[PDB]
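File shown here: model_4.cif, holding mmCIF, C-alpha atoms; chains and numbers go by the auth columns.
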```cif
data_work
#
loop_
_atom_site.group_PDB
_atom_site.id
_atom_site.type_symbol
_atom_site.label_atom_id
_atom_site.label_comp_id
_atom_site.label_asym_id
_atom_site.label_seq_id
_atom_site.Cartn_x
_atom_site.Cartn_y
_atom_site.Cartn_z
_atom_site.B_iso_or_equiv
_atom_site.auth_seq_id
_atom_site.auth_asym_id
ATOM 1 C CA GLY A 1 -104.268 165.809 114.240 0.00 117 A
ATOM 2 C CA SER A 2 -105.311 169.221 112.937 0.00 118 A
ATOM 3 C CA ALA A 3 -104.124 172.300 114.826 0.00 119 A
ATOM 4 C CA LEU A 4 -101.842 172.109 117.865 0.00 120 A
ATOM 5 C CA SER A 5 -102.814 170.710 121.264 0.00 121 A
ATOM 6 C CA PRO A 6 -103.040 173.277 124.112 0.00 122 A
ATOM 7 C CA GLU A 7 -100.154 171.546 125.870 0.00 123 A
ATOM 8 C CA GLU A 8 -97.955 171.976 122.798 0.00 124 A
ATOM 9 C CA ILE A 9 -99.016 175.556 122.081 0.00 125 A
ATOM 10 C CA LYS A 10 -98.628 176.501 125.729 0.00 126 A
ATOM 11 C CA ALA A 11 -95.203 174.892 125.995 0.00 127 A
ATOM 12 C CA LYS A 12 -94.232 176.197 122.575 0.00 128 A
ATOM 13 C CA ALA A 13 -95.305 179.698 123.551 0.00 129 A
ATOM 14 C CA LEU A 14 -93.632 179.459 126.940 0.00 130 A
ATOM 15 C CA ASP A 15 -90.485 178.168 125.263 0.00 131 A
ATOM 16 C CA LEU A 16 -90.415 180.974 122.707 0.00 132 A
ATOM 17 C CA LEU A 17 -91.283 183.640 125.248 0.00 133 A
ATOM 18 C CA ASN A 18 -88.884 182.077 127.735 0.00 134 A
ATOM 19 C CA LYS A 19 -86.053 182.219 125.221 0.00 135 A
ATOM 20 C CA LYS A 20 -86.878 185.829 124.400 0.00 136 A
ATOM 21 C CA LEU A 21 -87.228 186.733 128.064 0.00 137 A
ATOM 22 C CA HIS A 22 -83.970 184.964 128.869 0.00 138 A
ATOM 23 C CA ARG A 23 -82.280 186.444 125.806 0.00 139 A
ATOM 24 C CA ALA A 24 -83.714 189.895 126.487 0.00 140 A
ATOM 25 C CA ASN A 25 -82.456 189.895 130.077 0.00 141 A
ATOM 26 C CA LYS A 26 -79.118 188.373 129.062 0.00 142 A
ATOM 27 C CA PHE A 27 -78.284 191.382 126.886 0.00 143 A
ATOM 28 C CA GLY A 28 -80.185 193.912 128.992 0.00 144 A
ATOM 29 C CA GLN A 29 -82.925 194.549 126.432 0.00 145 A
ATOM 30 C CA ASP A 30 -85.649 197.116 127.179 0.00 146 A
ATOM 31 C CA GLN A 31 -86.642 196.395 130.790 0.00 147 A
ATOM 32 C CA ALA A 32 -90.245 197.264 129.953 0.00 148 A
ATOM 33 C CA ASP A 33 -90.216 194.759 127.106 0.00 149 A
ATOM 34 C CA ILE A 34 -88.782 192.080 129.390 0.00 150 A
ATOM 35 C CA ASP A 35 -91.396 192.615 132.099 0.00 151 A
ATOM 36 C CA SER A 36 -94.081 192.604 129.411 0.00 152 A
ATOM 37 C CA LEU A 37 -92.755 189.252 128.270 0.00 153 A
ATOM 38 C CA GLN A 38 -92.897 188.119 131.893 0.00 154 A
ATOM 39 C CA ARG A 39 -96.527 189.122 132.296 0.00 155 A
ATOM 40 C CA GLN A 40 -97.414 187.242 129.133 0.00 156 A
ATOM 41 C CA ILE A 41 -95.310 184.235 130.127 0.00 157 A
ATOM 42 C CA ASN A 42 -96.882 184.042 133.580 0.00 158 A
ATOM 43 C CA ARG A 43 -100.282 184.372 131.918 0.00 159 A
ATOM 44 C CA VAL A 44 -99.441 181.395 129.714 0.00 160 A
ATOM 45 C CA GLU A 45 -98.441 179.277 132.681 0.00 161 A
ATOM 46 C CA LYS A 46 -101.713 179.990 134.483 0.00 162 A
ATOM 47 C CA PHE A 47 -104.103 180.301 131.519 0.00 163 A
ATOM 48 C CA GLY A 48 -101.989 179.671 128.429 0.00 164 A
ATOM 49 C CA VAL A 49 -101.752 181.535 125.129 0.00 165 A
ATOM 50 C CA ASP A 50 -104.626 183.760 124.019 0.00 166 A
ATOM 51 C CA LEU A 51 -105.730 183.469 120.387 0.00 167 A
ATOM 52 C CA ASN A 52 -106.019 187.269 120.436 0.00 168 A
ATOM 53 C CA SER A 53 -102.808 188.274 122.221 0.00 169 A
ATOM 54 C CA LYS A 54 -99.486 189.780 121.141 0.00 170 A
ATOM 55 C CA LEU A 55 -98.019 186.415 122.091 0.00 171 A
ATOM 56 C CA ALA A 56 -100.280 184.594 119.641 0.00 172 A
ATOM 57 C CA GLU A 57 -99.194 187.046 116.942 0.00 173 A
ATOM 58 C CA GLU A 58 -95.527 186.530 117.770 0.00 174 A
ATOM 59 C CA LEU A 59 -96.194 182.792 117.730 0.00 175 A
ATOM 60 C CA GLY A 60 -97.820 183.202 114.324 0.00 176 A
ATOM 61 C CA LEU A 61 -101.251 181.919 115.331 0.00 177 A
ATOM 62 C CA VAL A 62 -103.282 184.922 114.180 0.00 178 A
ATOM 63 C CA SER A 63 -102.989 188.277 112.411 0.00 179 A
ATOM 64 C CA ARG A 64 -101.416 191.111 114.403 0.00 180 A
ATOM 65 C CA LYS A 65 -102.671 194.251 112.673 0.00 181 A
ATOM 66 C CA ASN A 66 -103.804 195.016 109.123 0.00 182 A
ATOM 67 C CA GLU A 67 -105.449 197.884 107.243 0.00 183 A
#
```
Could you write out this structure as structure tokens?
Amino acid sequence: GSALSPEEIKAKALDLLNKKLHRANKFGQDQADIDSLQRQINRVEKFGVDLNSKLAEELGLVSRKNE
């Protein structure tokens, strides 16, 4: 065990981002925010989630920003 397998993190990220992207578009959220989600999602499909990306922060894998 220990940690999450890339397949799970990638799918988990894609699922979370997909839901946001789908939810964002469904209500007409900020177009820029939706496209940003798309760029990150597509990046996950090709390379996956980055330990140092906004996605990883949203996923709760690492710290976003602290003083």
* Give the answer as one residue: which of A:175, A:143, A:151, A:119 has the shortest atom-to-atom distance to residue A:131, using only C-alpha atoms? => A:175
* Starting from the displayed file, determine the output of the PyMOL selection byres ((chain A and resi 122) around 12) and express the residue list as JSON, numbers by chain. => {"A": [119, 120, 121, 123, 124, 125, 126, 127, 128, 129, 130, 160, 161, 163, 164, 165, 166, 167]}
Now that the selection is made, can you save its residues with C-alpha atoms as a PDB file, keeping the file's coordinate frame?
```
ATOM      1  CA  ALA A 119    -104.124 172.300 114.826  1.00  0.00           C
ATOM      2  CA  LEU A 120    -101.842 172.109 117.865  1.00  0.00           C
ATOM      3  CA  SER A 121    -102.814 170.710 121.264  1.00  0.00           C
ATOM      4  CA  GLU A 123    -100.154 171.546 125.870  1.00  0.00           C
ATOM      5  CA  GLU A 124     -97.955 171.976 122.798  1.00  0.00           C
ATOM      6  CA  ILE A 125     -99.016 175.556 122.081  1.00  0.00           C
ATOM      7  CA  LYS A 126     -98.628 176.501 125.729  1.00  0.00           C
ATOM      8  CA  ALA A 127     -95.203 174.892 125.995  1.00  0.00           C
ATOM      9  CA  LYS A 128     -94.232 176.197 122.575  1.00  0.00           C
ATOM     10  CA  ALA A 129     -95.305 179.698 123.551  1.00  0.00           C
ATOM     11  CA  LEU A 130     -93.632 179.459 126.940  1.00  0.00           C
ATOM     12  CA  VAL A 160     -99.441 181.395 129.714  1.00  0.00           C
ATOM     13  CA  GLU A 161     -98.441 179.277 132.681  1.00  0.00           C
ATOM     14  CA  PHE A 163    -104.103 180.301 131.519  1.00  0.00           C
ATOM     15  CA  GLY A 164    -101.989 179.671 128.429  1.00  0.00           C
ATOM     16  CA  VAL A 165    -101.752 181.535 125.129  1.00  0.00           C
ATOM     17  CA  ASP A 166    -104.626 183.760 124.019  1.00  0.00           C
ATOM     18  CA  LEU A 167    -105.730 183.469 120.387  1.00  0.00           C
TER      19      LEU A 167
END
```
* **Residues within 7 Å of (-86.2, 189.6, 128.7), file coords, all atoms listed in the file, listed as a PyMOL selection string** => chain A and resi 136-141+145+149-151+153
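The nearest approach to residue A:152 among the residues A:133, A:168, A:118, A:181, with all atoms listed in the file taken into account, belongs to A:133.
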* **d(atom CA of residue A:117, atom CA of residue A:158) in Å** =>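 These atoms are spaced 27.6 Å apart.
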* Nearest to residue A:169 by atom-to-atom distance, counting all atoms listed in the file, from A:147, A:182, A:156, A:134 ->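 Distance minimum relative to residue A:169 lands on A:156.
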* How many Å separate atom CA of residue A:178 from atom CA of residue A:159? ->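 Separating atom CA of residue A:178 from atom CA of residue A:159 is a distance of 18.0 Å.
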* Quick one: residues within 10 Å of residue A:180, only C-alpha atoms counted, chain neighbours fewer than 3 positions away excluded, as number ranges by chain? -> A: 168-174, 176-177
Please export stretch 120-153 of chain A as a PDB file, in the first residue's frame, restricted to N, CA and C atoms.
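result.pdb written:
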```
ATOM      1  N   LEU A 120      -0.886   6.585  -3.159  1.00  0.00           N
ATOM      2  CA  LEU A 120      -1.846   6.158  -4.171  1.00  0.00           C
ATOM      3  C   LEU A 120      -1.149   5.882  -5.497  1.00  0.00           C
ATOM      4  N   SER A 121      -1.528   4.784  -6.142  1.00  0.00           N
ATOM      5  CA  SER A 121      -0.941   4.413  -7.424  1.00  0.00           C
ATOM      6  C   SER A 121      -1.230   5.486  -8.470  1.00  0.00           C
ATOM      7  N   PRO A 122      -0.294   5.709  -9.410  1.00  0.00           N
ATOM      8  CA  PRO A 122      -0.462   6.712 -10.464  1.00  0.00           C
ATOM      9  C   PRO A 122      -1.804   6.575 -11.173  1.00  0.00           C
ATOM     10  N   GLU A 123      -2.194   5.340 -11.458  1.00  0.00           N
ATOM     11  CA  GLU A 123      -3.454   5.082 -12.139  1.00  0.00           C
ATOM     12  C   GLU A 123      -4.628   5.642 -11.344  1.00  0.00           C
ATOM     13  N   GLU A 124      -4.588   5.459 -10.028  1.00  0.00           N
ATOM     14  CA  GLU A 124      -5.656   5.937  -9.159  1.00  0.00           C
ATOM     15  C   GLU A 124      -5.631   7.454  -9.016  1.00  0.00           C
ATOM     16  N   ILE A 125      -4.443   8.019  -8.853  1.00  0.00           N
ATOM     17  CA  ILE A 125      -4.315   9.466  -8.709  1.00  0.00           C
ATOM     18  C   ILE A 125      -4.703  10.164 -10.004  1.00  0.00           C
ATOM     19  N   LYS A 126      -4.273   9.585 -11.117  1.00  0.00           N
ATOM     20  CA  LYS A 126      -4.570  10.139 -12.429  1.00  0.00           C
ATOM     21  C   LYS A 126      -6.064  10.087 -12.711  1.00  0.00           C
ATOM     22  N   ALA A 127      -6.679   8.947 -12.426  1.00  0.00           N
ATOM     23  CA  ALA A 127      -8.111   8.794 -12.639  1.00  0.00           C
ATOM     24  C   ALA A 127      -8.869   9.657 -11.646  1.00  0.00           C
ATOM     25  N   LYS A 128      -8.402   9.656 -10.404  1.00  0.00           N
ATOM     26  CA  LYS A 128      -9.023  10.448  -9.356  1.00  0.00           C
ATOM     27  C   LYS A 128      -8.971  11.924  -9.712  1.00  0.00           C
ATOM     28  N   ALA A 129      -7.814  12.372 -10.187  1.00  0.00           N
ATOM     29  CA  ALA A 129      -7.651  13.760 -10.586  1.00  0.00           C
ATOM     30  C   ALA A 129      -8.553  14.072 -11.764  1.00  0.00           C
ATOM     31  N   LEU A 130      -8.483  13.221 -12.778  1.00  0.00           N
ATOM     32  CA  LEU A 130      -9.287  13.381 -13.980  1.00  0.00           C
ATOM     33  C   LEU A 130     -10.770  13.379 -13.646  1.00  0.00           C
ATOM     34  N   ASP A 131     -11.158  12.562 -12.679  1.00  0.00           N
ATOM     35  CA  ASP A 131     -12.554  12.490 -12.274  1.00  0.00           C
ATOM     36  C   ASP A 131     -12.972  13.786 -11.593  1.00  0.00           C
ATOM     37  N   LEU A 132     -12.142  14.258 -10.669  1.00  0.00           N
ATOM     38  CA  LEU A 132     -12.431  15.491  -9.953  1.00  0.00           C
ATOM     39  C   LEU A 132     -12.434  16.676 -10.899  1.00  0.00           C
ATOM     40  N   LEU A 133     -11.406  16.772 -11.732  1.00  0.00           N
ATOM     41  CA  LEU A 133     -11.310  17.862 -12.680  1.00  0.00           C
ATOM     42  C   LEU A 133     -12.410  17.750 -13.720  1.00  0.00           C
ATOM     43  N   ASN A 134     -12.737  16.520 -14.109  1.00  0.00           N
ATOM     44  CA  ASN A 134     -13.792  16.300 -15.085  1.00  0.00           C
ATOM     45  C   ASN A 134     -15.117  16.798 -14.537  1.00  0.00           C
ATOM     46  N   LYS A 135     -15.392  16.464 -13.282  1.00  0.00           N
ATOM     47  CA  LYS A 135     -16.638  16.875 -12.652  1.00  0.00           C
ATOM     48  C   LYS A 135     -16.704  18.391 -12.559  1.00  0.00           C
ATOM     49  N   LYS A 136     -15.586  19.010 -12.199  1.00  0.00           N
ATOM     50  CA  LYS A 136     -15.532  20.461 -12.106  1.00  0.00           C
ATOM     51  C   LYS A 136     -15.721  21.063 -13.484  1.00  0.00           C
ATOM     52  N   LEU A 137     -14.971  20.556 -14.451  1.00  0.00           N
ATOM     53  CA  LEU A 137     -15.054  21.032 -15.822  1.00  0.00           C
ATOM     54  C   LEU A 137     -16.470  20.884 -16.360  1.00  0.00           C
ATOM     55  N   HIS A 138     -17.074  19.733 -16.101  1.00  0.00           N
ATOM     56  CA  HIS A 138     -18.434  19.471 -16.553  1.00  0.00           C
ATOM     57  C   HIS A 138     -19.418  20.354 -15.796  1.00  0.00           C
ATOM     58  N   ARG A 139     -19.184  20.504 -14.496  1.00  0.00           N
ATOM     59  CA  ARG A 139     -20.043  21.328 -13.656  1.00  0.00           C
ATOM     60  C   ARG A 139     -19.866  22.802 -13.998  1.00  0.00           C
ATOM     61  N   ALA A 140     -18.622  23.200 -14.238  1.00  0.00           N
ATOM     62  CA  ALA A 140     -18.320  24.585 -14.580  1.00  0.00           C
ATOM     63  C   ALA A 140     -19.006  24.995 -15.879  1.00  0.00           C
ATOM     64  N   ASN A 141     -18.912  24.132 -16.882  1.00  0.00           N
ATOM     65  CA  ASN A 141     -19.520  24.394 -18.185  1.00  0.00           C
ATOM     66  C   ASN A 141     -21.043  24.322 -18.114  1.00  0.00           C
ATOM     67  N   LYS A 142     -21.547  23.423 -17.277  1.00  0.00           N
ATOM     68  CA  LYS A 142     -22.986  23.234 -17.123  1.00  0.00           C
ATOM     69  C   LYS A 142     -23.681  24.508 -16.648  1.00  0.00           C
ATOM     70  N   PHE A 143     -23.027  25.242 -15.757  1.00  0.00           N
ATOM     71  CA  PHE A 143     -23.602  26.468 -15.214  1.00  0.00           C
ATOM     72  C   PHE A 143     -23.039  27.716 -15.896  1.00  0.00           C
ATOM     73  N   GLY A 144     -22.053  27.530 -16.770  1.00  0.00           N
ATOM     74  CA  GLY A 144     -21.469  28.656 -17.475  1.00  0.00           C
ATOM     75  C   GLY A 144     -20.422  29.393 -16.661  1.00  0.00           C
ATOM     76  N   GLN A 145     -19.759  28.678 -15.756  1.00  0.00           N
ATOM     77  CA  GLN A 145     -18.724  29.277 -14.915  1.00  0.00           C
ATOM     78  C   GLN A 145     -17.731  30.077 -15.762  1.00  0.00           C
ATOM     79  N   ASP A 146     -16.793  30.753 -15.102  1.00  0.00           N
ATOM     80  CA  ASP A 146     -15.787  31.546 -15.807  1.00  0.00           C
ATOM     81  C   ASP A 146     -15.146  30.725 -16.923  1.00  0.00           C
ATOM     82  N   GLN A 147     -15.348  31.157 -18.167  1.00  0.00           N
ATOM     83  CA  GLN A 147     -14.803  30.454 -19.326  1.00  0.00           C
ATOM     84  C   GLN A 147     -13.302  30.224 -19.195  1.00  0.00           C
ATOM     85  N   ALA A 148     -12.594  31.209 -18.656  1.00  0.00           N
ATOM     86  CA  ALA A 148     -11.153  31.095 -18.484  1.00  0.00           C
ATOM     87  C   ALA A 148     -10.813  29.993 -17.492  1.00  0.00           C
ATOM     88  N   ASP A 149     -11.637  29.864 -16.462  1.00  0.00           N
ATOM     89  CA  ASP A 149     -11.431  28.842 -15.447  1.00  0.00           C
ATOM     90  C   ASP A 149     -11.715  27.459 -16.019  1.00  0.00           C
ATOM     91  N   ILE A 150     -12.692  27.382 -16.921  1.00  0.00           N
ATOM     92  CA  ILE A 150     -13.046  26.110 -17.538  1.00  0.00           C
ATOM     93  C   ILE A 150     -11.932  25.641 -18.465  1.00  0.00           C
ATOM     94  N   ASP A 151     -11.432  26.548 -19.302  1.00  0.00           N
ATOM     95  CA  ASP A 151     -10.356  26.209 -20.224  1.00  0.00           C
ATOM     96  C   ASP A 151      -9.104  25.819 -19.449  1.00  0.00           C
ATOM     97  N   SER A 152      -8.872  26.500 -18.329  1.00  0.00           N
ATOM     98  CA  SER A 152      -7.723  26.201 -17.488  1.00  0.00           C
ATOM     99  C   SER A 152      -7.840  24.775 -16.976  1.00  0.00           C
ATOM    100  N   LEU A 153      -9.059  24.413 -16.591  1.00  0.00           N
ATOM    101  CA  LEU A 153      -9.336  23.072 -16.110  1.00  0.00           C
ATOM    102  C   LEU A 153      -9.091  22.071 -17.231  1.00  0.00           C
TER     103      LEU A 153
END
```
